[PDB]
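Below: one structure, written as structure tokens.
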Amino acid sequence: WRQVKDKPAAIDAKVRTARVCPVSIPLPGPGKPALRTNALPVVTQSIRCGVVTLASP
Amino acid sequence: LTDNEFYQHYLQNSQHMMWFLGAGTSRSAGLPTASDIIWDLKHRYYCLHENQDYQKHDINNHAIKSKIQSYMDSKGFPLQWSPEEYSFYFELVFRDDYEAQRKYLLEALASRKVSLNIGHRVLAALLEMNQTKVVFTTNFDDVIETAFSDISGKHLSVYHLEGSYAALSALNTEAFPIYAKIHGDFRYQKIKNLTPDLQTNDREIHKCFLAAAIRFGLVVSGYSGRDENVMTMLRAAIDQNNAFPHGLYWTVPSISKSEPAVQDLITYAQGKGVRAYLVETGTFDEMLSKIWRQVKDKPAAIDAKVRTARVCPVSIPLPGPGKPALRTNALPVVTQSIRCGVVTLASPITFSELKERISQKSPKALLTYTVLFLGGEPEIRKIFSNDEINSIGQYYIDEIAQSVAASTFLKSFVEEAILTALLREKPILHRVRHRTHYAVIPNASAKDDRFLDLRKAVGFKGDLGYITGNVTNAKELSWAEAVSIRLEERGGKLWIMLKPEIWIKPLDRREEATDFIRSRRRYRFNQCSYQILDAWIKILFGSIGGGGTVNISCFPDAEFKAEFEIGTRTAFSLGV
Amino acid sequence: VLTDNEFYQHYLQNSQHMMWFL
Amino acid sequence: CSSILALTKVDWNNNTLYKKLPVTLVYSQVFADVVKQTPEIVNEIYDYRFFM
Amino acid sequence: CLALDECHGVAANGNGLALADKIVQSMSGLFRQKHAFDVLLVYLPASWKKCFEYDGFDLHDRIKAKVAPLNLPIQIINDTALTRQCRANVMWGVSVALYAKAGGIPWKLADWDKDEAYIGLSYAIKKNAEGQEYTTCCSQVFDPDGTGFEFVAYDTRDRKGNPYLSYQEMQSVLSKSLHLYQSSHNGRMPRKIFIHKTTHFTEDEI
Amino acid sequence: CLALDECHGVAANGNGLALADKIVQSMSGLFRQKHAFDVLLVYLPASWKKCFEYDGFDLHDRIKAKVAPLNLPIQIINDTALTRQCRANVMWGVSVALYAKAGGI
Amino acid sequence: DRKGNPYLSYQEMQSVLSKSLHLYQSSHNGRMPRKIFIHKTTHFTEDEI
DNA sequence: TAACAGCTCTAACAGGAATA
RNA sequence: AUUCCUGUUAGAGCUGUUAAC
DNA sequence: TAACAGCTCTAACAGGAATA
RNA sequence: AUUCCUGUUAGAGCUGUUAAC
Ligand SMILES: Nc1ncnc2c1ncn2[C@@H]1O[C@H](COP(=O)(O)O)[C@@H](O)[C@H]1O
Ligand SMILES: [Mg+2]
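Protein chains in written order, with the entry's author numbering: chain A, 295 to 326, 329 to 353; chain B, 4 to 326, 329 to 375, 378 to 583; chain C, 3 to 24; chain D, 422 to 473; chain E, 107 to 263, 268 to 316; chain F, 107 to 211; chain G, 268 to 316.
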């Protein structure tokens, strides 16, 4: 609806597409003068670790 | 080649003339151009990915155009109005979906926004009345089809790429008029509009153009080159025997802004022996308007549709006088036909010459040029000797209103004649200011009984007023009541206009009495003006404005006499 | 399969005649 | 992105090509300093030509 | 005009407020002749550097804050502008600054949309004795229906300890911004509003 | 604001174009505060009559065309509005003009 | 550009009228005007009509 | 293209105030 | 130019009608 | 309310001048 | 302070996770 054309004023006042609180705009395709950033990806999705239980806070 | 010589050349041989109209005529037909299509595509593309409201921002705004173009340049797309852009944006938006591309191109160039103007209608009239037989076009929308259907009332045979070879046969069997679209209708699968499709030419349409080259000469308008396939087809058409029997007339709205491709093609054609000429004739619409103007014996049936302004609209009739009624100052002159005298001169005469002869001789007659004279022949003999006069005869004006409307000389002559008639037998003096006539109460005879009613008209609170005298604070200016009398041609009727005025004896010293003229006229309200107009009607006509048909003749004792009859009651009409 | 954006383009080009099943 | 990029170019007080921030941010910072120093300005709004 | 002599004396005292007020009183001879001149060129010598900057006080900031309600622009010039080697750099700077302070517009954003207003909010620190003070002010750079374009800042206001505007304060400053934009464009709504904040927006602030 | 005294010199010189330019240039003090006001009441003393209207020129139209792109409405007031016999006439006219130029309708 | 007479030609009249209804459409979200009144102090030539 | 006719307009001035 | 349009003085612009060129 | 972790910004100084 | 914002030295405000009061 945000790209439908020639809509009467009353309808747009009625709907107004409410409001977008959690903004989420799509990232474009990877595409193909590239820029090289300093970020190294980390693909370790999970790790194992230890827990100790204490008798006192 | 100057434009006027091109017009004369085209008019001389208009029966053998192909036309070539690609994307240039559509600009003026109410449908978007190539640049408008590109900008629309950019608008959809930008609004689609970057989620923005489509109708919130327009497309012909400068700021939004710059922002969208900057966005397009951000993704590395072509910069500005450069080749391989229109096809590029089409293939970008529609990602090689020729059905959707066709549907969009149909919707943008659909047959609802098109409003035919003079150019397309004139070309369609040339098609129907059979001067131009072949109209090639690189254009998709059915502007010429709609124009021909509107004007001729007959279905037009449009040719395209689907059939392809249909046009060539029509040419061979002389099934004119033919309207072959080199790039085909948008109603069909193949449109041939992208750059990759614009490098090749259909074999059969190519052959049809080559064959049509020999038969007629080409006039190409609204075409700026930039197409390789059409340019090479034209070049191949040049490179054959008697390529154009009537020369290739390439017309551009501006010679200076014409692309170099057109000029070098013209030079190549001239080098190949044909008489191809490049001319500038302004826009396509003006060119076709002039061409239609020079057309002789255009049928009335089609010309009633070519130029709808030529026919007279708004002939809305007026109702009856049935059922407060304003009383105007117009006296209807019911005289329909009059008699005048004509003198034939051995040498041509000028209206100015006759006017100066009037000024010098000052005869007791009237004359005008068209030489119609009203009065006695001996007066004309005084004005013109026997040597310069060939014969003296009669003239009859069967329709006075049409005659005065047609020629302003007749208007002035009849106005002067009726003015002389009205003041012929009356003491009221006759003067002129600029080009108007004034009947003014004379100074000496201001005590006449026929002025007493007028004396009542100007009187204050019913007492006796004043008609003539001297200004309150002027050295020598003298003032009198007067009426400006004029002739008005309204529709098919003639009326006498009376307007009460304050005449000033010195002509050039009228402004010095302006305040007085204002002061005397401050309180001439509806009742007072009604009284003055009635008094002036009585003075000028001798009868009160009830059921009267007083008739007045000018020069009653003359062989050529004009006898007018004016109703003594001014125009009136009760409210509905 | 097709990207949602081209589906939006096709819907918007011809939306006068397209159903809606829910 | 385009709005901010264009906004970083209309700082007349700056005599270089651009800034790090849009002129809105830098002028809001400058007026924030001005107001922090002088509390009796809060009532009225002021043009950029004064504090630039 | 000449700077009144006691300013030099207060230069020894290290009293920034007194120095600024004395400078304002020195320029007071120019209050009546506002029509004659467009831009004032206040010069602060290096000898006054002791009062140039110190904790809780900014000399140029105080001077401009005092002179702005009187409606007369100043382009303060210190020894830096004289010192600075490259003359063309400083000359471009001062020339553009003076032309824009007179009332002219050296340049404008090409093909800028007149229906979009770009709000920008920032803040500053006042180191109070007991706590901290956050001063938040807004600015607008919209383009009116005319050819020139506007650029106006204003305070967002009684006391704030955090730089996040609450519901009331943020809606008030945005309503004031909306009225400001309406006043220029005959009363037309802004079809799109940009807000640039240095810190994140709170849930109530949005 | 106050008009420059050079306007008087230009008016004595009888130069309409320069007079209009000087009147417009006098507006910079208000232009630094364009947001502050809605309508500007420009007054012209009778001593400038020599440049009010002459051939190939009209001061009112020049001023209106010079300040139209600057978006500030202007209500020009001559001495006539002051010396018109009646007062409610001038008051009604000026008030309705002021309301129309500041807002509208 | 230049006009020697107060009567608009074909192209100028069409351009002015185009600007007019485009302004109306912008102020009417694209809706076409149904009645148009063009008042002129002088008579319309054939080109203007 | 040069006059001439009418119809109508603006371009400069001047100018007084709503039936008395 | 708070307004209004009433006149004066001029010139153009269109139409024409002739004479041409 | 008192620590702890991170993100981020301003407060005060100091500081050289755009491929060498 | 014609300007630019790179560093240094610190502190605050936001979030969180604990301990509670
Ligand atoms: N009114 C017009 N009459 C004649 N030619 C035109 C007109 N408008 C545009 N053109 C020509 O059409 C060309 C554009 O066609 P194209 O760009 O090939 O689609 C321009 O270069 C113009 O020379
Ligand atoms: Mg500065």
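A virtual CB, placed ideally from N, CA and C, is assigned to each residue, including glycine.
Residue range of the unbroken alpha helix (DSSP H) whose run includes residue i
{"i": "B:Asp267", "result": "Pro263 to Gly274"}
{"i": "E:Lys307", "result": "Element bounds for E:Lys307: not the alpha helix (DSSP H) but the beta strand (DSSP E), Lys302 to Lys307."}
{"i": "F:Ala171", "result": "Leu165 to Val173"}
{"i": "B:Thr36", "result": "Per DSSP, B:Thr36 belongs to no alpha helix (DSSP H) and is neither H nor E."}
{"i": "E:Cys113", "result": "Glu112 to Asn119"}
{"i": "B:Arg206", "result": "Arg206 to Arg218"}
{"i": "B:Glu110", "result": "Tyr101 to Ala111"}
{"i": "B:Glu384", "result": "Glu384 to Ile390"}
Residue i Cβ short of 8 Å to ligand 1 heavy atom set
{"i": "B:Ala26", "result": "yes"}
{"i": "B:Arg229", "result": "yes"}
{"i": "B:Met236", "result": "no"}
{"i": "B:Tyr10", "result": "no"}
{"i": "G:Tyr274", "result": "no"}
{"i": "E:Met280", "result": "no"}
{"i": "B:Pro337", "result": "no"}
{"i": "B:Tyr252", "result": "no"}
{"i": "B:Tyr445", "result": "no"}
heavy atom of ligand 2 below 8 Å from residue i C-beta
{"i": "E:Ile182", "result": "yes"}
{"i": "E:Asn195", "result": "no"}
{"i": "D:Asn434", "result": "yes"}
{"i": "D:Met473", "result": "yes"}
{"i": "F:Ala206", "result": "no"}
{"i": "E:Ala203", "result": "yes"}
Inter-residue Cα distance where the pair is residue i and residue j
{"i": "B:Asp267", "j": "B:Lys136", "result": "28 Å"}
{"i": "B:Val282", "j": "B:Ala150", "result": "26 Å"}
{"i": "B:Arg528", "j": "B:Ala453", "result": "20 Å"}
{"i": "B:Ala279", "j": "B:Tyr101", "result": "38 Å"}
{"i": "E:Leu176", "j": "F:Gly135", "result": "12 Å"}
{"i": "B:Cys535", "j": "B:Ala542", "result": "11 Å"}
{"i": "F:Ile211", "j": "B:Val490", "result": "46 Å"}
{"i": "B:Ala169", "j": "B:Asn204", "result": "15 Å"}
Endpoints, the beta strand (DSSP E) within which residue i is located
{"i": "B:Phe579", "result": "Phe579 to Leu581"}
{"i": "B:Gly346", "result": "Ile343 to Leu350"}
{"i": "E:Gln246", "result": "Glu239 to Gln246"}
{"i": "B:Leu371", "result": "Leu371 to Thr373"}
{"i": "E:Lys232", "result": "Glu222 to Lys232"}
{"i": "E:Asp261", "result": "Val258 to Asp261"}
Taking only beta carbons into account, state which residues of the segment 21-44 of chain B come closer than 7 Å to chain G, listed in chain order.
Cβ contacts with chain G come from no residue of the segment 21-44 of chain B.
Let me know the beta strand (DSSP E) ranges lying completely inside the segment 462-489 of chain B, each 3 residues or longer, listed in chain order.
475-477
Pick out the complete beta strand (DSSP E) segments inside the segment 415-460 of chain B, 3 residues or longer, and give them in chain order.
436-440 and 443-447
Contacting positions in the segment 454-472 of chain D - beta carbon closer than 8 Å to chain F
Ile466, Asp468, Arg470 and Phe471
Taking beta-carbon pairs under 7 Å, can you tell me which members of the segment 227-259 of chain E lie near chain F?
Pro250, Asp251, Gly252, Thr253, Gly254, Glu256 and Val258
Could you please tell me which residues of the segment 138-154 of chain F, in chain order, have their CB closer than 9 Å to any CB of chain D?
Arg138, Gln139, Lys140, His141 and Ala142
Please go through the segment 233-266 of chain B and give each complete beta strand (DSSP E) segment of 3 or more residues, from N-terminal end onward.
Annotation: the segment 233-266 of chain B contains the following complete segments of the beta strand (DSSP E) (minimum length 3 residues), in chain order: 252-255.
Name the residues in the segment 285-301 of chain B whose C-beta lies less than 9 Å from a C-beta of chain G; which are they?
Residues of the segment 285-301 of chain B whose Cβ lies closer than 9 Å to any Cβ of chain G, in chain order: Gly285, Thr286, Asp288, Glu289 and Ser292.
May I have a chain-ordered list of the beta strand (DSSP E) segments no shorter than 3 residues that lie completely inside the segment 482-552 of chain B?
485-497 and 500-511
In chain order, what residues of the segment 276-305 of chain E put their CB closer than 7 Å to some CB of chain B?
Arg301
Taking Cβ-Cβ distances below 7 Å as the criterion, which residues of the segment 169-186 of chain F are in contact with chain E?
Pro175, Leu176 and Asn177
Where in the segment 116-155 of chain B do unbroken runs of the alpha helix (DSSP H), each at least 4 residues long, occur, reported from the N-terminal end onward?
Counting whole runs of 4 or more residues, the segment 116-155 of chain B contains the alpha helix (DSSP H) stretches 121-131 and 146-154.
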